[PDB]
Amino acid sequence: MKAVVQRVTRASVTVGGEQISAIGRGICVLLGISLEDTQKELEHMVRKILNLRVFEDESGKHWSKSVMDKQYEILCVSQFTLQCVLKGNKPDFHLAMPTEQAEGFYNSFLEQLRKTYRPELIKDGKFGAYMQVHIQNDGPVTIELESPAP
């Protein structure tokens, strides 16, 4: 499992100009699920996202508070392209989990996130859809996470 995490002042997902979801301050997670991914990686990745210290405290010290410390929001979007192998210049996605299983895995992942944090502060894209993910990256701050190695 891989994730790209971007700290946002706001973020939203549109499908065909229709706004699907939107968050204010918090974190946008692009989530790459691999073929070899299991419940262990699912649970480990949730813990890492929720505990990632990307926010300031009241004094303004950097890297001192997680999304949960701040009671901020999380926008998760499924992103199989992160499971890319770069032989030549064309991407190959053989390491990504196929969409039939991946949708179930993704849904279970979002559900662990909601039960570990607060459901109302967790927003999603639309798994199969051609989306525009509007990301107002605050800083910018961008962190790569991986769980096969936690």
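Numbering starts at 1 and follows the sequence shown.
Of the two stretches examined, 84-92 and 66-74, the record assigns the greater average C-alpha temperature factor to 84-92.
Per the PDB record, residue ranking by Cα B-factor puts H134 in the middle third of the chain. Among all modelled residues in this chain, the alpha-carbon of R114 has a temperature factor (C-alpha) in the middle third. In the deposited entry, the Cα temperature factor of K48 sits in the top third of values across the chain's modelled residues. Sort the chain's modelled residues by C-alpha temperature factor and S34 lands in the middle third, per the entry.
Annotation for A149: CA B-factor lies in the highest third of the chain's modelled residues.
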